[PDB]
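To find a chain, count down the sequence lines: A is the first, B the second, and so on, and within it residues start at 1. Side chains are part of it too, since the values below use all heavy atoms of this structure and drop only hydrogens, waters and symmetry mates.
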Amino acid sequence: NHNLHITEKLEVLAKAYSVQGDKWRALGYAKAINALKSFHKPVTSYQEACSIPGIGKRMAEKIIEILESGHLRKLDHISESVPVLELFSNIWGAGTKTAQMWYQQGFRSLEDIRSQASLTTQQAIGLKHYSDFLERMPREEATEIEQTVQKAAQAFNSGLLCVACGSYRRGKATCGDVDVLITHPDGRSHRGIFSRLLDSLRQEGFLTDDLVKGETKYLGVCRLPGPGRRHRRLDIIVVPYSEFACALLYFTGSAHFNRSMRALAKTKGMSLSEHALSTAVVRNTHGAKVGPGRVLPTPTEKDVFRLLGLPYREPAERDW
DNA sequence: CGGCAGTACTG
DNA sequence: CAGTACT
DNA sequence: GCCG
Ligand SMILES: [Mg+2]
Ligand code: NA
Ligand code: NA
Ligand code: NA
Ligand code: NA
């Protein structure tokens with residue numbers, strides 16, 4: 001990154017807007033920051049600033065203040081609440097609205113939350129694992145977790161296919177969590193497996209707590225056996241084989257990659273989700289779907305790219 | 001002016 | 001529903 | 001915040 005001296009300070013403002021609930025402005029900042037992180041050359045002129053897609057006048061104005069002054073004055077006026085709101089919204093299950101409410105109620109520390117806050121079931125689990133859930137794990141450990149799930153799944157039905165997606169499949173050296181996709185080529189045998197699979201994973205103590213237990217998605221907490229192990233977040237999704245490619249594409253991400261691909265699909269009169277790529281999507285002036293299109297056949301990830309007019313990108317080059 | 005991705009889950 | 005979360 |  002040729003512009004750390006710029007993006008480092010912009011990340012601070014971005015985070016501030018984010019934890020305070022100003023999501024669209026934070027989005028703008030996030031996008032400008034990626035753009036600036038990707039520019040070969042350091043940004044040396046306002047005129048060059050506006051050159052970058054994702055940098056407007058307001059953003060160029062700021063980047064010149066830093067290159068001239070070495071600082072950004074707006075940093076000095078960020079509300080004193082922001083570190084506390086960040087502290088609180090790093091509890092899994094608590095977002096900006098809950099953090100703001102706890103702040104308004106006078107809470108300032110996790111000890112305050114522990115002793116005085118009303119916590120949802122999910123938030124109590126998040127609090128219990130506060131430090132662990134902020135740690136990334138070695139990808140070698142994500143491998144062990146994926147293998148644990150696969151062996152438990154295969155025990156019931158040999159034919160079940162299990163794949164660790166997310167940052168793991170994008171090849172990263174560390175992973176925030178483990179994202180396992182499960183399906184079955186027969187197109188039928190995936191149904192109703194969660195009961196048995198999850199019960200199997202609790203049997204000898206691997207699954208330690210459940211956060212979400214839906215018909216298609218599980219989000220929870222696991223810990224491998226032995227000493228020196230931390231609790232890790234584990235997501236599992238079970239999908240029909242006909243949706244495998246789009247589920248794989250969604251679950252591999254990155255998030256910003258997914259949002260860019262879906263935005264592209266919308267421009268082309270199409271819609272892309274975890275379930276399918278659809279064409280002839282009828283929308284309103286609000287950008288929202290009011291009429292459903294036709295599902296297009298997408299046997300492989302490459303097919304999704306092709307139908308969108310894009311060259312195929314391996315998971316490693318989706319790390320946006 | 002107004003979208004900024006599209007979806008699942010919780011209570 | 002609003003909130004939070006997933007990529 | 002940015003952009004069509
Ligand atoms: Mg992940
Ligand atoms: Na620009
Ligand atoms: Na949170
Ligand atoms: Na009190
Ligand atoms: Na995940």
Side-chain angles (χ1 to χ4, degrees), chain A residues 10 14 16-18 20-22 24-35 49-50 53-56 59-62 88-101 118-123 125-126 133 164-170 175-181 210-212 214 216-220 233-239 243 246-265 267 270-278 283-284 287-288 315 318-320:
Chain A
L10 300 183
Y17 286 123
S18 187
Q20 295 186 285
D22 192 346
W24 300 126
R25 175 140 40 230
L27 183 61
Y29 272 80
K31 276 173 149 158
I33 281 160
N34 290 349
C50 310
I55 308 274
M59 205 56 73
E61 280 159 4
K62 296 168 196 290
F88 290 173
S89 56
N90 279 339
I91 298 168
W92 201 101
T96 173
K97 299 290 192 165
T98 300
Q100 292 184 275
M101 186 197 59
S118 84
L119 298 158
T120 66
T121 299
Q122 293 170 339
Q123 287 158 1
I125 292 159
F133 286 1
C165 299
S167 62
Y168 184 77
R169 177 161 193 256
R170 297 199 307 281
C175 305
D177 46 68
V178 185
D179 303 299
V180 176
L181 183 58
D210 307 330
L211 293 165
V212 164
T216 68
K217 305 205 307 190
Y218 169 84
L219 316 176
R233 280 275 292 102
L234 171 63
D235 294 352
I236 304 180
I237 301 174
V238 177
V239 306
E243 304 180 353
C246 289
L248 195 56
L249 183 70
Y250 152 74
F251 221 20
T252 300
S254 69
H256 273 319
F257 174 81
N258 284 348
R259 292 167 85 157
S260 170
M261 176 148 286
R262 296 168 174 207
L264 182 75
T267 75
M270 309 163 81
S271 188
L272 174 70
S273 75
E274 37 253 73
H275 296 291
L277 179 66
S278 308
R283 269 168 275 248
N284 63 17
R318 310 178 201 167
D319 194 32
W320 299 4

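Closest-nucleotide positions on DNA chain B for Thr121(A) and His275(A) were compared, and the one nearer the 5' end corresponds to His275(A).
Taking the 5' to 3' direction, DNA chain C first and last meets chain A under 4.0 angstrom from a heavy atom at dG3(C) to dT7(C).
Phosphate contact (OP1/OP2 of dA5(B), side-chain N/O of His256(A), threshold under 4.0 Å): absent. Of the side-chain N and O atoms in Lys31(A), none sit less than 4.0 angstrom from OP1 or OP2 of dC3(D). Within the structure, every side-chain polar atom (N or O) of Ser273(A) is placed at least 4.0 Å from both OP1 and OP2 of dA8(B).
When heavy atoms are screened at a 4.0 angstrom cut-off, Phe251(A) is found touching the sugar-phosphate backbone but no base atom. Residue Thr120(A) is classed as having no contact, given no heavy-atom separation below 4.0 Å to the nucleic acid. Counting any heavy atom pair closer than 4.0 Å across all strands shown, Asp235(A) reaches sugar-phosphate atoms only and no base atom. Within the 4.0 angstrom heavy-atom criterion, only backbone atoms of the sugar-phosphate kind lie near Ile91(A); the bases stay farther away.
Scored by the side chain to side chain contact (heavy atoms under 4.5 Å, CB included) test, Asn90(A) finds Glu86(A), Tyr130(A), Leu134(A) as partners (sequence neighbours excluded). Remark: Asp177(A) pairs with no residue by the side chain to side chain donor-acceptor pair (under 3.5 Å) rule, at least two apart or across chains. Applying the side chain to side chain contact (heavy atoms under 4.5 Å, CB included) test to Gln123(A) and every residue at least two apart in sequence or in another chain returns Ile91(A), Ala94(A), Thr98(A), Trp102(A), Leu119(A), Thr120(A). With sequence neighbours left out, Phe251(A) forms a ring pair (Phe, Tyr, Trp, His ring centres under 6.0 Å) with no residue at all. In this structure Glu274(A) satisfies the salt bridge (charged side-chain N to carboxylate O under 4.0 Å, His left out) test together with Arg262(A), sequence neighbours excluded.
In this structure, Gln123(A) atom CD and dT10(B) atom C1' are separated by 11 Å, rounded to whole Å. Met59(A) places its CE atom 9 Å from the P atom of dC3(D), with the value rounded to the nearest Å. Residue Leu27(A) contributes atom CG, which lies 13 Å from atom P of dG1(D) at whole-angstrom precision. Whole-Å rounding puts the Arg25(A) CZ to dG2(B) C1' distance at 15 Å. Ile237(A) has its CD1 atom 13 Å from the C1' atom of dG6(B), to the nearest Å. Look at CG on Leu211(A): it is 15 Å from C1' on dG11(B), rounded to the nearest Å. Remark: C1' of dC1(B) and CG of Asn284(A) are 15 Å apart, rounded to the nearest angstrom. For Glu243(A) and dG6(B), the CD to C1' distance is 14 Å, given to the nearest whole Å.
Note on ring orientation: taking the six-membered ring where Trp is involved, the planes of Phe257(A) and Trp320(A) are perpendicular (angle over 60°, cut-offs 30° and 60°).
In this structure, the separation between CG on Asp22(A) and OG1 on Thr96(A) is 9.5 Å, given to the nearest 0.5 Å.
Judged by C1'-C2'-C3'-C4', the furanose ring of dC1(B) adopts a south pucker.
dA8(B) sits 34 Å from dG1(D) when the P atoms are compared, rounded to a whole Å.
Between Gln20(A) and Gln100(A) the shortest heavy-atom distance is O-NE2, 3.8 Å.
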